[PDB]
Every structure is written in C-alpha cells, then in structure tokens.
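**Q** enclosed are the sequence and the experimentally obtained structure.
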Amino acid sequence: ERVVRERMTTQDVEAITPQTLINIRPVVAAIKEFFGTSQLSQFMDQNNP
Amino acid sequence: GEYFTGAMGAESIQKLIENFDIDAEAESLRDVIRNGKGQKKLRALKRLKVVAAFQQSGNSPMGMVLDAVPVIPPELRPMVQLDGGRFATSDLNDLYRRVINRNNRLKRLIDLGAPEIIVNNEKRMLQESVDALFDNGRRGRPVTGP
Amino acid sequence: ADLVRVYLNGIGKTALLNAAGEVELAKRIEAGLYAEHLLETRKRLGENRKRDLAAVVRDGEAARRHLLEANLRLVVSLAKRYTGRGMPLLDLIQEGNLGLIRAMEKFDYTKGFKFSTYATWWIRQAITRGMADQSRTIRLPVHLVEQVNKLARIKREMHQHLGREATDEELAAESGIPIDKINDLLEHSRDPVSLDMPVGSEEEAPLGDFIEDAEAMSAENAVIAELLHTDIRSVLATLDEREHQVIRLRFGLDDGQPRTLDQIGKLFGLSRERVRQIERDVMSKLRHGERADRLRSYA
Amino acid sequence: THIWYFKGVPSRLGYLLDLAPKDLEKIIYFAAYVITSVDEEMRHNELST
Amino acid sequence: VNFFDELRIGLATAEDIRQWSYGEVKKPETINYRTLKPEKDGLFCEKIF
DNA sequence: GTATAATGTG
C-alpha cells in the first residue's frame, strides 16, 4: 500500500487503472519469507504418526 | 589573527596534546591533591592517576591520534567462493573499503581545492569511518547492510 | 551526533541567488581566471599590475567559494533521490559536491540559463558514476553495471505489465539478450554473503567457521608426495646414471628447464632423434622389476 | 582519534586533556573551533602597545 | 624457540605502523570480477600481502 | 561530454 500510494501520487491520473497501480511483489515476498525462515514454521517431524 | 592560532578537528587535538606537558600538569595536580576539597578531590585523583600513568611510561600521548591505520592480513578476512559462484566475504572488507574511499576522496578534495565546509565534512566522514571500523555501536547508530 | 544533521545545518548558512547574482558571479570568476592567466603569461611583469592581479585572484577565489556554497543545496536535493542503494547519503552528497566543483569550472553567463540547469546534469553524472565505481565489493565495468541495471528495469517493467514476475524466456525475448548473458548478469547482481552471519543456530557459530581450507591436504603432501619423490630418487637412480641425468634435464627435476630432444642432444653431444629412443628405453625399464612394484600407485 | 579513548568511560583523552565529554565530542566532529595556543609572551610585552 | 619471559602491550605510534607494514593499500578494489585475481594496490594485492 | 529546469534525509 505504501508503494501503491507513492505510485498513484506520481503516476498520471488520466489513463490510470488499478491493474497498473497494484504491486504484487511485496506480499508474495512476505508470504514466502514467513513460510521459509519464520521460527514458527518448522519441519514436521515424522518419526511416527 | 596574528597572535592566537586555533582550529577545529582531530588535528587540533593533536596539536593541543603535543603542546600539553604531562609532567608539569602532574606536578600541578599533585599540588592540588595535597590540599583538601573532597568534592573536587575525587575528580582530581582520577585525573592524577591517568596523568601519572602517562608520565611514568616514558612514551608520549600522541599515540592516541592516528596517522596511519593498519590492515590485517587477508587470510584473517578471507574472500571465498561458495558452491554456485556466490561469493562470501567478511564485513572487514566493507569497512576497509569505506575507509579507503573516504581517504581517497579527501585527498582528491585537497588536491582540487574547495571551500572549507566541504573539506571539513569530508574529514568528519573519514573520522566516522575509522570509528566505525574500530568499533560498531561504541558511538552513535551502528552500520547495517543486511 | 547525526553528521547528516550538522552538514545540513552548515549547508543552509548561505541563501540562494537570483539570475543577476549568478551572472555577476560568473563575470567575476571570468575576470579572476583572466587575471590568473595573465599573471604567469605576461613576459614583462607590471608592478601595480602585480597588486591588481593579486587582488583579482583573491576576489576570484571568493567568487568561486560563494557560488559553490550558494548552490550546494541542489547537491542534497539530487542526492536524496538515489538513497536506498549501496552507498549512504553522505557519500552521495560528497559525490555530488565533486560533480558541482567539476561543473562550476565551465559555467557561462552569455547563454543566460540558470546555473542549476548546467549543474544538475553533472551532479547526476558524478553521483551515478561514483555509485557504480565504489558501491560494490567486487568492482565491475561501468558498461556491465549498466547492463545489470537494464536487466533489472526490464524485469520490473515486465512484472508491472503482466502482473507476474517475468519468465526467463520472456526476459530474453523482451530484452533480446540471450539467456546465457542474462544468467551471467544475474550471477553478477548478488551481494556476497557475510561470513559472520550465524548459520544453522549451531551455537550461532559464523559461516566462516564451517569453510574448509579446500587445499593443502595434510596427508597428501605429508607422506604421499614426499615418499613418491624419495622412491623416484631411488628408482630413477637405480637406472643408468647417465639416463638419470638425462631425465633430470629432460623434465627438470633439479633445475627445471625441461631440455627438448635437440637441446639435450646438443648438451650430451647426441642427435635430436636419439632422445625418443632413450625415453622409450627409460619407460620400458620403469614398467618392469621392483620399479613397478614401488610405483604402481601414484597414477 | 582512536575510538577507545574519547568514548570510553572514563575517556582518557578527557581526563588527560581536562576537557568535558561534550566539548570533546563536539571538537572531534568539527563542530566548534578551539584556540590551541596564543603568543602570550608577545601579548604581555606588547600589553601596553 | 619458546623462551617467552614476558609479553607487554604498548600504545602503537605512526612510525611503528610504518615500520611494521610491508606495503600501503592505495585503492579499494578487492578482486577482479572476471579473472579472479587480486588487483594492484588493492586489499588483496600480492605485492603487499 | 550534456545548458527548459530543478536549488537541505529519513
């Protein structure tokens, strides 16, 4: 949202569409980082059920 | 500007310490300590112990103000290639690069000649660079890359 | 503290200048430089002219100082934009100051344009070149840095257009740079990992602690190599001593300098064609008897 | 200057040089000038003039 | 050989640094990007270290 | 090497 608000403050207002206004990179990056390095996302130990 | 000479920066402290005489100050502070004034006596005693430590040494206090920093051998700060061509190096290289760049830029500014404001800013940056090299967090905001 | 704060307090000590002020400053600088050139160019040195030129030089120094100090703040304004990359803010500010110093020695008042017009170009050039030169541990050519930045911008534009991170094939198609060079550039655009970073939470021992020397194997050079050398000094010596010297000079066991067939023949007085048969005899001998028993390993 | 001295507690530079920590930190980072020396002998001999 | 009676620590001076160093580092380059060799007068130069 | 014009962080 920070990136989006900066972009809409700078980008032209005539031919603007939300498709060119959203930036999906940070959210996917955050999700992947959480699932990869977060200390609460651990390998499921599978010695037995 | 014909009698008194003064300047700002670490060079000024170098000059001041060079002009300062340790033995004479030690004798005067011993004279002061010989009196009472307990409130000021503790501070006088701490200063006296430091000054006497310098006095008995036979060396000079100028060693505190550096004019040439050393660099450890590269094996102590190795730069190795990990599998996949992903280089790995110690932050000592980054700190030394900062110091070298600041020093070279300072030399370039002095050679070219510029108003004293920019030169003073460059000298301050170099001082901060050396400070960050010798210790991080010992003064001010620590540097962080990642 | 806050060295940025003290510099920004100092920079504002002087106010900006209007068009007429900058024009007159440029005129003063022109007069100063003209006097500087004349002072050493003149074959006959005038006496009062000497004093006049000295005063003019002082005034010209003051004029350059005033112009640079007045226009400094543009340096901060332009440098604030490039932050977030490798170099800090003050480094970029100093780079821009150097660029401004470079620019000021070319400004002209006849054109009539404002100084910032001719200053922003050089400030941006200096800042970008300095960032490309002294912002990465492994320095890269300026053209290669430009290509890496081009690849990054192309990727970001493709992501913006398609809403998803561009594929490698589509990156090659859009940029036209083959996948090989794209992979090379991607490999050249990664900050080296710091060895002091804790690894595996294994007592937070740094990565540097787990890197093998990768060379100088103890046992290999300790026993195997030296014992091979000694057994060779025994075996090759057990051959004809003349042939032992021939081998020493042929490969360079003692003094390097592997003697070619013709050279060794000249040294021994023999012909270039004999050395092939000599080597054939040596290799035949080395492959039989206790020599093979000793030297079957090491291959 | 070596960081270990003008920043340590006690700051050996401050104790030896009888300068308060605030003044020392200001002087080191090019904040305020300092009068290193003065021709006191000439000033005294020329006190009348 | 191994006759170490005492081990003292002193405050190094500029001349000590000068005379206990075998070269001067005059450029910031560490290693060449393509040939993987130390660069002249760099932090890894063979001439120095 | 550049000339609309820009003139103090985060």
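**A** It's in. Numbering: from 1, shown residues only, chains lettered A, B, ... in the order given.

**Q** leaving out the residues flanking it, which one is nearest to residue C:132?
**A** Nearest in space to residue C:132, with sequence neighbours left out and distances taken as C-beta to C-beta, 6 or more residues apart in numbering or on different chains, is residue C:145 at 4.6 Å. Yep, even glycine has a C-beta here, placed from its N, CA and C like the rest.

**Q** and the gap between the one you found and residue C:299?
**A** According to C-beta to C-beta, to the nearest Å, residue C:145 stands 48 Å off from residue C:299.

**Q** the helices in chain A, which residues?
**A** Taking DSSP state H, the helices of chain A run over residues A:2-10, A:25-37.

**Q** I meant chain C, not that one.
**A** Counting by DSSP H, the helices of chain C are C:3-11, C:19-41, C:47-82, C:89-104, C:115-133, C:142-162, C:168-175, C:179-187, C:218-219, C:226-238, C:241-247, C:261-268, C:274-286, C:290-295.

**Q** just say which of those is most tucked in.
**A** helix C:89-104 (a mean of 23; mean count of other C-beta atoms under 10 Å in any protein chain shown).

**Q** other SSEs contacting it?
**A** Where contact means 3 or more C-beta pairs under 8 Å, 6 or more residues apart in numbering or on different chains; DSSP states H and E, helix C:89-104 is packed against helix B:91-112, helix B:116-134, helix C:3-11, helix C:47-82, helix C:115-133.

**Q** what about the fourth one and DNA strand F, touching?
**A** If I follow you right, that is helix C:47-82. Yes. Helix C:47-82 reaches DNA strand F (C-beta under 7 Å from any atom of the strand) through C:70-71, C:73-74, C:76-77, C:80-81.

**Q** before we move on, what about the second one?
**A** No. Helix B:116-134 is not in contact with DNA strand F by C-beta under 7 Å from any atom of the strand; minimum separation 13.2 Å.

**Q** close to chain E, is stretch B:37-56?
**A** No. Counting by C-beta under 8 Å from any C-beta of the partner chain, chain E has no neighbours in stretch B:37-56; the shortest distance is 9.7 Å.

**Q** quick one: buried residues of that stretch?
**A** For stretch B:37-56, the neighbour count (16 or more other C-beta atoms under 10 Å in any protein chain shown) marks B:44, B:47-48, B:50-51, B:54-55 as buried.

**Q** kindly report the same for stretch B:121-132.
**A** Under the neighbour-count criterion of 16+ other C-beta under 10 Å, stretch B:121-132 has B:121-132 buried.

**Q** one step back: of the residues of helix C:47-82 next to DNA strand F, which is the nearest to chain A?
**A** Distance to chain A, by C-beta to the nearest C-beta, is smallest for residue C:81 among those, at 12.3 Å.

**Q** and the gap between the closest one and residue C:195?
**A** 33 Å.

**Q** same check on residue E:40?
**A** 25 Å.

**Q** which one's more surrounded, the two?
**A** Ranked by neighbour count (other C-beta atoms under 10 Å in any protein chain shown), residue E:40 and residue C:195 place residue C:195 first, with 22 against 11.

**Q** hmm, residue C:29 is touching residue C:61, no?
**A** No. Contact criterion C-beta atoms under 8 Å: residue C:29 and residue C:61 do not qualify, at 9.6 Å.

**Q** burial of the residue in chain D that chain E sits nearest to, as a residue count?
**A** Closest approach of chain D to chain E (C-beta to the nearest C-beta) occurs at residue D:2, with a separation of 8.9 Å. Residue D:2 has 20 neighbours, counted by other C-beta under 10 Å.
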